[PDB]
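Engineer: Compact mmCIF, C-alpha atoms and all ligand atoms, file run-v5.txt:
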```txt
# COMPACT_ATOMS: atom_id res chain seq x y z
CA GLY X 88 62.08 15.95 29.16
CA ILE X 89 59.25 17.49 27.00
CA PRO X 90 60.05 18.23 23.24
CA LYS X 91 59.90 15.19 20.86
CA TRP X 92 63.04 13.25 21.91
CA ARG X 93 64.58 16.84 21.97
CA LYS X 94 64.08 17.29 18.13
CA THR X 95 62.91 20.79 16.87
CA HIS X 96 62.05 19.65 13.32
CA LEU X 97 59.88 16.63 12.31
CA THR X 98 58.09 15.05 9.27
CA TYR X 99 54.35 14.46 8.67
CA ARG X 100 52.78 11.79 6.36
CA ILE X 101 49.19 12.18 5.08
CA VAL X 102 47.95 8.56 4.48
CA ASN X 103 44.34 9.13 5.54
CA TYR X 104 41.50 10.11 3.16
CA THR X 105 37.95 11.46 3.30
CA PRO X 106 35.65 10.23 0.46
CA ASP X 107 32.95 12.86 1.38
CA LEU X 108 35.51 15.63 0.77
CA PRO X 109 38.28 15.77 -1.93
CA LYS X 110 41.95 15.04 -1.18
CA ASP X 111 42.43 18.85 -1.38
CA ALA X 112 40.43 18.99 1.84
CA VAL X 113 42.27 16.19 3.76
CA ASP X 114 45.73 17.39 2.43
CA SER X 115 44.92 21.08 3.07
CA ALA X 116 43.47 20.31 6.56
CA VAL X 117 46.81 18.66 7.56
CA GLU X 118 48.79 21.51 5.91
CA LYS X 119 46.55 24.30 7.37
CA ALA X 120 46.92 22.59 10.78
CA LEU X 121 50.78 22.46 10.54
CA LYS X 122 51.23 26.01 9.20
CA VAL X 123 49.06 27.45 12.08
CA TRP X 124 51.30 25.85 14.78
CA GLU X 125 54.25 27.60 12.95
CA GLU X 126 52.19 30.89 13.07
CA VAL X 127 52.33 30.74 16.95
CA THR X 128 55.87 29.11 17.55
CA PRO X 129 59.26 28.58 15.71
CA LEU X 130 58.91 24.70 15.74
CA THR X 131 59.26 23.42 12.10
CA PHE X 132 57.90 20.61 9.95
CA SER X 133 57.28 19.26 6.44
CA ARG X 134 54.47 17.17 4.80
CA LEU X 135 55.66 14.25 2.61
CA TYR X 136 55.21 10.56 1.64
CA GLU X 137 58.75 9.07 2.34
CA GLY X 138 57.61 5.63 3.70
CA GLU X 139 56.34 5.99 7.32
CA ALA X 140 57.77 9.34 8.74
CA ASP X 141 58.18 10.86 12.28
CA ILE X 142 54.39 11.54 12.21
CA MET X 143 51.99 9.20 10.35
CA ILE X 144 48.38 10.49 9.82
CA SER X 145 46.38 7.45 8.57
CA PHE X 146 42.70 6.49 7.95
CA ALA X 147 40.75 4.40 10.48
CA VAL X 148 37.56 2.67 9.28
CA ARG X 149 35.91 0.12 11.68
CA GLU X 150 39.45 -1.07 12.58
CA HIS X 151 40.25 1.21 15.58
CA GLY X 152 39.60 -1.62 18.13
CA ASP X 153 42.91 -0.76 19.90
CA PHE X 154 40.79 1.49 22.19
CA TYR X 155 37.26 1.62 20.59
CA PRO X 156 35.92 0.27 17.20
CA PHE X 157 33.37 2.01 14.88
CA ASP X 158 31.19 4.42 16.92
CA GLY X 159 29.95 6.64 14.03
CA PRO X 160 27.73 9.31 15.76
CA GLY X 161 29.91 9.38 18.87
CA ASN X 162 32.22 11.66 20.86
CA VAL X 163 35.62 10.01 20.07
CA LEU X 164 36.73 11.09 16.54
CA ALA X 165 40.48 11.03 15.89
CA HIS X 166 43.69 10.51 17.90
CA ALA X 167 47.40 11.32 17.96
CA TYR X 168 50.40 10.27 20.08
CA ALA X 169 53.30 12.33 21.49
CA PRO X 170 55.24 11.28 24.73
CA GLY X 171 55.95 7.89 23.11
CA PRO X 172 59.02 6.05 21.66
CA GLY X 173 57.43 4.62 18.40
CA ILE X 174 54.02 6.34 18.74
CA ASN X 175 56.11 9.53 18.82
CA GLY X 176 53.77 11.08 16.23
CA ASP X 177 51.14 8.53 15.05
CA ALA X 178 47.52 9.53 14.27
CA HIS X 179 44.10 8.26 13.04
CA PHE X 180 40.90 9.89 11.57
CA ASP X 181 37.51 7.96 11.66
CA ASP X 182 35.86 7.27 8.20
CA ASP X 183 32.98 5.84 10.31
CA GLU X 184 31.65 9.53 10.49
CA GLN X 185 31.01 12.52 8.05
CA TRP X 186 34.12 14.76 7.81
CA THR X 187 33.19 18.37 6.88
CA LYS X 188 34.85 21.80 6.63
CA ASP X 189 31.61 23.92 7.11
CA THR X 190 30.33 22.93 10.65
CA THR X 191 27.67 20.41 9.36
CA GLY X 192 29.48 17.36 10.84
CA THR X 193 33.10 16.54 11.83
CA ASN X 194 35.19 19.73 11.43
CA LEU X 195 38.14 18.44 9.28
CA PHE X 196 40.57 21.39 9.75
CA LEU X 197 39.82 21.78 13.51
CA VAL X 198 40.05 18.01 14.26
CA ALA X 199 43.26 17.74 12.10
CA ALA X 200 44.90 20.78 13.81
CA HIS X 201 44.16 19.16 17.20
CA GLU X 202 45.88 15.85 16.16
CA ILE X 203 48.98 17.93 15.18
CA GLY X 204 49.24 19.53 18.71
CA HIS X 205 48.33 16.17 20.34
CA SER X 206 51.41 14.74 18.49
CA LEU X 207 53.86 17.65 19.20
CA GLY X 208 53.50 17.10 23.01
CA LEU X 209 50.28 18.90 23.98
CA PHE X 210 47.61 17.42 26.24
CA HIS X 211 44.02 18.73 26.62
CA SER X 212 43.74 22.39 27.85
CA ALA X 213 40.73 24.27 29.49
CA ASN X 214 39.78 27.40 27.42
CA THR X 215 36.60 26.94 25.26
CA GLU X 216 38.50 28.71 22.40
CA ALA X 217 41.58 26.41 22.63
CA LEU X 218 42.58 24.01 19.84
CA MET X 219 43.57 21.50 22.58
CA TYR X 220 40.16 21.79 24.37
CA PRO X 221 38.58 18.25 24.47
CA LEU X 222 34.97 19.29 23.47
CA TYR X 223 33.77 20.47 20.03
CA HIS X 224 31.45 23.39 21.05
CA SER X 225 29.90 23.11 17.49
CA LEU X 226 30.21 26.91 16.98
CA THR X 227 29.07 27.59 13.37
CA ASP X 228 31.13 30.83 12.98
CA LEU X 229 34.41 29.57 11.34
CA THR X 230 35.41 33.30 11.10
CA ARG X 231 36.04 33.47 14.89
CA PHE X 232 38.24 30.32 15.08
CA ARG X 233 41.55 31.22 16.86
CA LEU X 234 44.24 29.44 18.97
CA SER X 235 43.96 30.21 22.70
CA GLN X 236 46.56 31.47 25.19
CA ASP X 237 46.37 28.14 27.10
CA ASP X 238 47.18 25.79 24.15
CA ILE X 239 49.90 28.36 23.23
CA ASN X 240 51.27 28.05 26.84
CA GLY X 241 51.68 24.22 26.34
CA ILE X 242 53.42 24.30 22.90
CA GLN X 243 55.69 26.99 24.41
CA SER X 244 56.52 24.44 27.22
CA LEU X 245 57.67 22.03 24.43
CA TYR X 246 60.06 24.24 22.36
CA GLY X 247 59.57 28.02 23.00
CA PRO X 248 61.70 30.90 21.46
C1 LIG N 1 39.57 19.94 19.13
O1 LIG N 1 39.76 18.77 18.29
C2 LIG N 1 39.47 17.50 18.74
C3 LIG N 1 40.06 16.42 18.10
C4 LIG N 1 39.79 15.11 18.53
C5 LIG N 1 38.91 14.89 19.59
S1 LIG N 1 38.47 13.22 20.08
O2 LIG N 1 37.06 13.10 20.41
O3 LIG N 1 38.94 12.30 19.05
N1 LIG N 1 39.29 12.84 21.45
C6 LIG N 1 40.36 11.80 21.47
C7 LIG N 1 41.77 12.34 21.58
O4 LIG N 1 42.31 12.52 22.65
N2 LIG N 1 42.39 12.64 20.42
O5 LIG N 1 43.61 12.98 20.35
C8 LIG N 1 38.89 13.38 22.78
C9 LIG N 1 37.63 12.73 23.41
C10 LIG N 1 37.73 11.19 23.51
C11 LIG N 1 37.41 13.33 24.82
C12 LIG N 1 38.31 15.99 20.22
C13 LIG N 1 38.62 17.29 19.82
CA CA N 2 33.11 9.10 15.96
CA CA N 3 55.69 7.61 14.53
ZN ZN N 4 45.29 3.92 17.11
ZN ZN N 5 43.37 14.61 22.06
```
Would you put the structure from the file into structure tokens?
Structural biologist:
Amino acid sequence: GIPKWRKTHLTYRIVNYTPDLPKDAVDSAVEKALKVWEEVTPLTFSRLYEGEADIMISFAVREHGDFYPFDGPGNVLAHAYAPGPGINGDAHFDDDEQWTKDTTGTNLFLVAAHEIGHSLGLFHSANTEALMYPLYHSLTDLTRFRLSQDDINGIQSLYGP
């Protein structure tokens, strides 16, 4: 069975933080992420502190030795969990690298929006434009960013209309 233990509404907890960018950037990257998944499907969510929610989004700094410790300039950036019991929504961002919103380094909004889908139930897809595509093509033109039909196909296989 695909959707998150069959639930159609879940709760997200920002407890990560960039120093390089203000909280307004880390907070608005998690919000912007969430609200864009709602722009393509009727699956709902909120963003709040409660005390460990359905989805936790927390900082990782040289501690991520559960799969791979501090890499810094290195392919693996941030993770999230989905077809799990307890890891049903749990995520990590690496403060070992430079998180950016203007294509210089680690694209904050894009990487955040991927962790949201990677927690809803979505694995890696195969369109270069897809938010679930596993390679950051480093495209500087943040005006052409859009969700692809293939990542849309997979979130539709979770909930749908
Ligand atoms: C489009 O947004 C992305 C977000 C995270 C990554 S990642 O490098 O952190 N990554 C791990 C992962 O699966 N995260 O959920 C894939 C990489 C190890 C191939 C890659 C792309
Ligand atoms: Ca890294
Ligand atoms: Ca969880
Ligand atoms: Zn982890
Ligand atoms: Zn992923």
Engineer: One number please: CA of residue 158 (chain X) to CA of residue 234 (chain X), in Å, one decimal.
Structural biologist: 28.3 Å
Engineer: May I have a table of the residues of chain X lying at most 8 Å from ligand ZN 5 (chain N), giving each one's closest pair of atoms and their distance in Å to one decimal, counting all atoms listed in the file, ordered by chain and ascending residue number, as a Markdown table?
Structural biologist:
```
| residue | atom | partner | partner_atom | distance |
| --- | --- | --- | --- | --- |
| X:165 | CA | N:ZN5 | ZN | 7.7 |
| X:166 | CA | N:ZN5 | ZN | 5.8 |
| X:167 | CA | N:ZN5 | ZN | 6.6 |
| X:201 | CA | N:ZN5 | ZN | 6.7 |
| X:202 | CA | N:ZN5 | ZN | 6.5 |
| X:205 | CA | N:ZN5 | ZN | 5.5 |
| X:210 | CA | N:ZN5 | ZN | 6.6 |
| X:211 | CA | N:ZN5 | ZN | 6.2 |
| X:219 | CA | N:ZN5 | ZN | 6.9 |
| X:221 | CA | N:ZN5 | ZN | 6.5 |
```
Engineer: Can you tell me, as JSON, numbers by chain, what residues are no more than 10 Å from residue 119 (chain X) when counting only C-alpha atoms, ignoring any on the same chain fewer than 5 positions away?
Structural biologist: {"X": [112, 113, 114, 124, 196, 197, 199, 200]}
Engineer: Would you write out those residues with C-alpha atoms, as a JSON list (two decimals), in the coordinates of the input?
Structural biologist:
```
[["chain", "number", "residue", "atom", "x", "y", "z"],
["X", 112, "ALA", "CA", 40.43, 18.99, 1.84],
["X", 113, "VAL", "CA", 42.27, 16.19, 3.76],
["X", 114, "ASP", "CA", 45.73, 17.39, 2.43],
["X", 124, "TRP", "CA", 51.30, 25.85, 14.78],
["X", 196, "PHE", "CA", 40.57, 21.39, 9.75],
["X", 197, "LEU", "CA", 39.82, 21.78, 13.51],
["X", 199, "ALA", "CA", 43.26, 17.74, 12.10],
["X", 200, "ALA", "CA", 44.90, 20.78, 13.81]]
```
Engineer: Would you list the residues that come within 9 Å of ligand CA 2 (chain N)? Count only C-alpha atoms and all ligand atoms and give the answer as a list in words.
Structural biologist: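 Taking only C-alpha atoms and all ligand atoms into account, the residues around ligand CA 2 (chain N) at most 9 Å away are residues 157, 158, 159, 160, 161, 162, 163, 164, 165, 180, 181, 182, 183, 184, 185 and 193 of chain X.
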Engineer: So that each row is one residue of region 164-228 of chain X with an atom at most 8 Å from region 89-105 of chain X, can you give its shortest atom pair and the distance in Å to one decimal, using only C-alpha atoms, rows by chain and rising number, as a Markdown table?
Structural biologist:
```
| residue | atom | partner | partner_atom | distance |
| --- | --- | --- | --- | --- |
| X:169 | CA | X:91 | CA | 7.2 |
| X:170 | CA | X:91 | CA | 7.2 |
| X:175 | CA | X:91 | CA | 7.1 |
| X:179 | CA | X:103 | CA | 7.6 |
| X:180 | CA | X:103 | CA | 7.0 |
| X:182 | CA | X:105 | CA | 6.8 |
| X:186 | CA | X:105 | CA | 6.8 |
| X:207 | CA | X:91 | CA | 6.7 |
| X:208 | CA | X:90 | CA | 6.7 |
```
Engineer: Rounded to one decimal in Å, what is the spacing between CA of residue 143 (chain X) and CA of residue 177 (chain X)?
Structural biologist: 4.8 Å
Engineer: When you count all atoms listed in the file, which of these residues is closest to ligand CA 3 (chain N): X:135, X:222, X:239, X:178?
Structural biologist: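 Of the candidates, the smallest distance to ligand CA 3 (chain N) is held by X:178.
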Engineer: Which residue is closest to ligand CA 3 (chain N)? Choose from X:108, X:140, X:120, X:127 and count all atoms listed in the file.
Structural biologist: X:140
Engineer: How many Å separate CA of residue 188 (chain X) from CA of residue 229 (chain X)?
Structural biologist: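 We find that CA of residue 188 (chain X) and CA of residue 229 (chain X) lie 9.1 Å from each other.
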Engineer: I'd like to know which of X:212, X:243, X:194, X:236 is closest to residue 224 (chain X), using only C-alpha atoms.
Structural biologist: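 Of all the options, X:194 lies closest to residue 224 (chain X).
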Engineer: Go through X:168, X:146, X:223, X:154 and flag the residue nearest ligand CA 3 (chain N), using all atoms listed in the file for the distances.
Structural biologist: X:168
Engineer: Please determine, counting only C-alpha atoms, which residue among X:246, X:115, X:107, X:241 has the shortest atom-to-atom distance to residue 192 (chain X).
Structural biologist: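 Of X:246, X:115, X:107, X:241, the one nearest residue 192 (chain X) is X:107, counting only C-alpha atoms.
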Engineer: Let me have the centre and edge lengths of the axis-aligned box enclosing all listed atoms of region 223-238 of chain X with 4 Å padding on every side, in Å to one decimal, as JSON.
Structural biologist:
```
{"center_x": 38.1, "center_y": 27.0, "center_z": 19.1, "size_x": 26.1, "size_y": 21.0, "size_z": 24.0}
```
Engineer: Would you please work out which residue, of X:215, X:151, X:190, X:209, is nearest to residue 230 (chain X) when using all atoms listed in the file?
Structural biologist: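 Using all atoms listed in the file, residue 230 (chain X) sits closest to X:190.
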Engineer: Where atoms are absent from region 92-111 of chain X, fill them in so it carries N, CA, C and O atoms, then output it as an mmCIF file, keeping the file's coordinate frame.
Structural biologist:
```cif
data_model
loop_
_atom_site.group_PDB
_atom_site.id
_atom_site.type_symbol
_atom_site.label_atom_id
_atom_site.label_comp_id
_atom_site.auth_asym_id
_atom_site.auth_seq_id
_atom_site.Cartn_x
_atom_site.Cartn_y
_atom_site.Cartn_z
ATOM 1 N N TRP X 92 61.676 13.776 21.722
ATOM 2 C CA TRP X 92 63.040 13.250 21.910
ATOM 3 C C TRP X 92 64.121 14.355 21.728
ATOM 4 O O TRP X 92 65.223 14.098 21.252
ATOM 5 N N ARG X 93 63.781 15.601 22.096
ATOM 6 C CA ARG X 93 64.580 16.840 21.970
ATOM 7 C C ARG X 93 64.685 17.393 20.532
ATOM 8 O O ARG X 93 65.355 18.398 20.322
ATOM 9 N N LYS X 94 64.062 16.770 19.517
ATOM 10 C CA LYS X 94 64.080 17.290 18.130
ATOM 11 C C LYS X 94 63.196 18.546 17.990
ATOM 12 O O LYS X 94 62.112 18.597 18.570
ATOM 13 N N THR X 95 63.628 19.529 17.193
ATOM 14 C CA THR X 95 62.910 20.790 16.870
ATOM 15 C C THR X 95 62.392 20.858 15.438
ATOM 16 O O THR X 95 61.792 21.854 15.054
ATOM 17 N N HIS X 96 62.612 19.805 14.659
ATOM 18 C CA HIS X 96 62.050 19.650 13.320
ATOM 19 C C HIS X 96 61.630 18.191 13.095
ATOM 20 O O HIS X 96 62.384 17.267 13.411
ATOM 21 N N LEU X 97 60.433 17.961 12.552
ATOM 22 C CA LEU X 97 59.880 16.630 12.310
ATOM 23 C C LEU X 97 59.027 16.562 11.023
ATOM 24 O O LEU X 97 58.742 17.585 10.394
ATOM 25 N N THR X 98 58.689 15.342 10.591
ATOM 26 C CA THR X 98 58.090 15.050 9.270
ATOM 27 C C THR X 98 56.730 14.377 9.369
ATOM 28 O O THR X 98 56.556 13.393 10.074
ATOM 29 N N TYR X 99 55.749 14.872 8.621
ATOM 30 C CA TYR X 99 54.350 14.460 8.670
ATOM 31 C C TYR X 99 53.928 13.746 7.373
ATOM 32 O O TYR X 99 54.248 14.195 6.272
ATOM 33 N N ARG X 100 53.182 12.640 7.491
ATOM 34 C CA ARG X 100 52.780 11.790 6.360
ATOM 35 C C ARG X 100 51.257 11.621 6.324
ATOM 36 O O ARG X 100 50.701 10.840 7.104
ATOM 37 N N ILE X 101 50.611 12.345 5.400
ATOM 38 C CA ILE X 101 49.190 12.180 5.080
ATOM 39 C C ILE X 101 49.039 10.825 4.365
ATOM 40 O O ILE X 101 49.532 10.659 3.250
ATOM 41 N N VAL X 102 48.387 9.866 5.022
ATOM 42 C CA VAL X 102 47.950 8.560 4.480
ATOM 43 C C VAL X 102 46.553 8.173 4.994
ATOM 44 O O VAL X 102 46.191 7.007 5.171
ATOM 45 N N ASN X 103 45.769 9.207 5.298
ATOM 46 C CA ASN X 103 44.340 9.130 5.540
ATOM 47 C C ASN X 103 43.612 9.774 4.349
ATOM 48 O O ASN X 103 44.226 10.460 3.529
ATOM 49 N N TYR X 104 42.298 9.580 4.255
ATOM 50 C CA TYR X 104 41.500 10.110 3.160
ATOM 51 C C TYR X 104 40.007 10.143 3.488
ATOM 52 O O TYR X 104 39.415 9.126 3.832
ATOM 53 N N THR X 105 39.400 11.314 3.305
ATOM 54 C CA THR X 105 37.950 11.460 3.300
ATOM 55 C C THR X 105 37.464 11.053 1.899
ATOM 56 O O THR X 105 38.200 11.312 0.938
ATOM 57 N N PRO X 106 36.312 10.382 1.747
ATOM 58 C CA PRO X 106 35.650 10.230 0.460
ATOM 59 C C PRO X 106 34.712 11.430 0.238
ATOM 60 O O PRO X 106 34.759 12.047 -0.830
ATOM 61 N N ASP X 107 33.937 11.776 1.286
ATOM 62 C CA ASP X 107 32.950 12.860 1.380
ATOM 63 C C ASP X 107 33.504 14.232 0.973
ATOM 64 O O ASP X 107 32.791 15.074 0.432
ATOM 65 N N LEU X 108 34.790 14.456 1.230
ATOM 66 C CA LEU X 108 35.510 15.630 0.770
ATOM 67 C C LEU X 108 36.688 15.206 -0.134
ATOM 68 O O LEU X 108 37.236 14.116 0.062
ATOM 69 N N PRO X 109 37.124 16.058 -1.083
ATOM 70 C CA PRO X 109 38.280 15.770 -1.930
ATOM 71 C C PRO X 109 39.578 15.691 -1.124
ATOM 72 O O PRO X 109 39.681 16.147 0.019
ATOM 73 N N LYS X 110 40.609 15.130 -1.761
ATOM 74 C CA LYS X 110 41.950 15.040 -1.180
ATOM 75 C C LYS X 110 42.473 16.428 -0.797
ATOM 76 O O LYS X 110 42.964 16.589 0.307
ATOM 77 N N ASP X 111 42.158 17.435 -1.612
ATOM 78 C CA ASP X 111 42.430 18.850 -1.380
ATOM 79 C C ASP X 111 41.972 19.313 -0.013
ATOM 80 O O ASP X 111 42.559 20.218 0.555
#
```
